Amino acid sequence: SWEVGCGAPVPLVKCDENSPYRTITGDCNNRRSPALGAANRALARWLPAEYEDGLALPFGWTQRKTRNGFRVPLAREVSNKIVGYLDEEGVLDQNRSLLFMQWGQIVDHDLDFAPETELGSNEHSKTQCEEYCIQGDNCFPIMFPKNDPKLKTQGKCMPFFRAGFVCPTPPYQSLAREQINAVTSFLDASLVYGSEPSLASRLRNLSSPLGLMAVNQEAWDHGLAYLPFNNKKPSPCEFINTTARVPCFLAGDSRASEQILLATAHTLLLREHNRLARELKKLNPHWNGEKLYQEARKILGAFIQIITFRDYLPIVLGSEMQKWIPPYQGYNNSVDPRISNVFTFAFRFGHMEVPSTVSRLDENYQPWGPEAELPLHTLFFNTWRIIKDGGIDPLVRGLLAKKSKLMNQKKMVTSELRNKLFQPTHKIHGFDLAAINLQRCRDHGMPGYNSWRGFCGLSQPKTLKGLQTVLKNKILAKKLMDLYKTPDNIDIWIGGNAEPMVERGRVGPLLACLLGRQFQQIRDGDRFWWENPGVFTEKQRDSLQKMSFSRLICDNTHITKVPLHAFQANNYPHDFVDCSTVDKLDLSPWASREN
């Protein structure tokens, strides 16, 4: 009885139970439940789903159906009233670099992706949502409220299609709708290699037998590699500048060209692979095609893990790090490694850390030419600016020398994302990521703010006065009350992001709990966690310690100087040492004397 294990996208994999490398799919990590953490399975439910009809319909779908006796406010009205602001002066994070934001996104992309259903692309039901704004099946449009200026320029709604669900589309009744995670729940560089055997092979250089990833043929970066292009036509990247006609990149993760600094990070990571496949080949000429591909992958997988747990999480989690992510005690095959549905909204705290502009800096960390600083909205699905406007060195310099946006209760999401988002299969720089996030919380059946505060053992405010105390903000609380009427109805994404930050952290208490717990699980439930005995050799492990984001940059770019601590705010030249003092990865401990 009950669900008892459903899923359509599961197929044809035999576990090689003593293999030394991860599957691409994530299958076989947990030997007693081989599908746990595998790509293309339902996101985990830490709490039961909450839908308007119990099974599948999002709160907000039917106008007369309340949540807890009140209508849920339109996602766009929530965005306009609470999330927006005009003035970028004074928003920057004085002790986080931009790389802090961008690493966040890399990590997120390693861990989760819940992709939109295609009900009818090859039909104009997908432009029946766009053009007519008609709710139905997987079309769930974000309707504009009364005084929205997008009414005057953009029509009635922003189109939105519901996330795909397991046992696939579009009929699903008897049990509750569970959304898919299309990437491996393990922190394993699946964003570099793919989470599907088919993609992971297409990405590889299967002409030389040297364990390499395919590089751009068409274009190179002063010799250094670009990712290959996706020859999808239509490329949304071509669309944003048809004169330049430069396509999107092809990577392990389908979202790699969403924004130019994500694309840039992917580039660095690929380079670091193909570089590792070269240096291993000189160190061990006995090694064949896979051997080189798997050993490099395995290294890069570890790098991600170390930077994330050593450098990134302590500065998001601050004083709460210890409470949730104690020192690693070993692989615990009882721990659920799966990504939870709520984590995929919790980790969207990063949307508040993205600033309005991106800079290209030259070799003296100075403005690279006349258009050096660009508005963020010009850089969505923009690969042409990497290629025909300076390569990645100047963007990486910007990444290190510039700052992230600081989360601010009065200045939450820059207008670059809130009014000017570009969606593929849409024409316009006119979408709203905050609104989209709120619609998505509802799409995914998220429990409200107080259920999560309950989950995390935090107080649950019922009153305007209660909320003011929890948020430490009268005005913000009054605005949430006017819109939602009860704190029980507040969507988790806005709720968790409105809380003041923990000391030394960049998230509030509720998010630190949700995030912290999921990352603990990611580590403890991973058999191939880099420091689990026997995944690497002791020799290799003391070498892995050396790794830094600074060294990643020195190797896969023509940059000569970099900070020691790349995630905190760093000012040039005062904080910039040379690539020579950035400790290199010692690759001797992988040298095998084995015919």
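The numbering used is simple: start at 1 and walk along the sequence shown.
Taking the mean C-alpha B-factor of each stretch as recorded, 235-243 and 313-321 are not equal, and the higher mean is that of 235-243. Higher average CA B factor: 154-162, of the stretches 445-453 and 154-162. Note on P533, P48, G26, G54: the highest value goes to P533, judged by CA B factor as recorded. Comparing the listed residues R275, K403, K479, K410, the entry records the largest Cα B-factor for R275. When the modelled residues of the chain are ordered by their C-alpha B factor, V562 lands in the highest third. Sorting the modelled residues of the chain by their CA temperature factor places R397 in the middle third. Among the modelled residues of the chain, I339 sits in the lowest third by CA temperature factor in this PDB entry.
The PDB entry assigns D110 a C-alpha temperature factor belonging to the lowest third of its chain's modelled residues.
Ranked by Cα temperature factor within the chain, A35 sits in the middle third according to the deposited record.
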